[PDB]
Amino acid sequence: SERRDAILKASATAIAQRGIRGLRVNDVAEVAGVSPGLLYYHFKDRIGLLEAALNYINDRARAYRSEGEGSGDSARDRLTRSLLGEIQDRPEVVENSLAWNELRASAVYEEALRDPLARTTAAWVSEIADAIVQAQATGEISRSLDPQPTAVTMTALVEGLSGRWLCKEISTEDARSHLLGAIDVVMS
């Protein structure tokens, strides 16, 4: 239902602005424009809600990273879309990445969020790792790179730079240029 989506979008804004710690269902209910009873009806409990919101935000992120996909795109093209996709000045990209940044931070103490975060992050890593393996078969990328470690490292860098970006500690342009520099290093 479009109400579920609307609830989830509002929850991601509550998450983004207030942070997860001490966020309660009634707070979320207030921003979502529904009662806590309806909210529990859709999501069962607070963790069910956070996990639904994490899945919603992951889906939008996946879209941002796949914008402009094309048949038989180069390794460079694949790495670039997936690494840069979530750091853009477009307002709904920023809102989405703010909420993901907080969910990543919260999972240190919200242990029930660790599994969905690990699995969705595994799927991002896997995109990069696959791009590398395909290129290594052709020679287009150094064969001495270990694909999975390289992909885990490149995406963790995105998370680190994105945390600074969201602090306004580094510009959008600089964060993207650093990532491009990393990609250049891997192709060279």
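From 1 onward, residues are counted along the sequence shown.
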Avg C-alpha B-factor, entry values, 35-43 vs 140-148, higher side is 140-148
Which has the higher mean CA temperature factor in the PDB entry, 68-76 or 103-111?
-> 68-76
B-factor third for the C-alpha atom of residue 93 within its chain | highest
Chain thirds by Cα B factor, record data; residue 18 belongs to the highest
Residue 175: CA B-factor among chain residues, third -> middle
Sort the modelled residues of this chain by their C-alpha B factor and say whether residue 63 lands in the lowest, middle or highest third.
-> highest
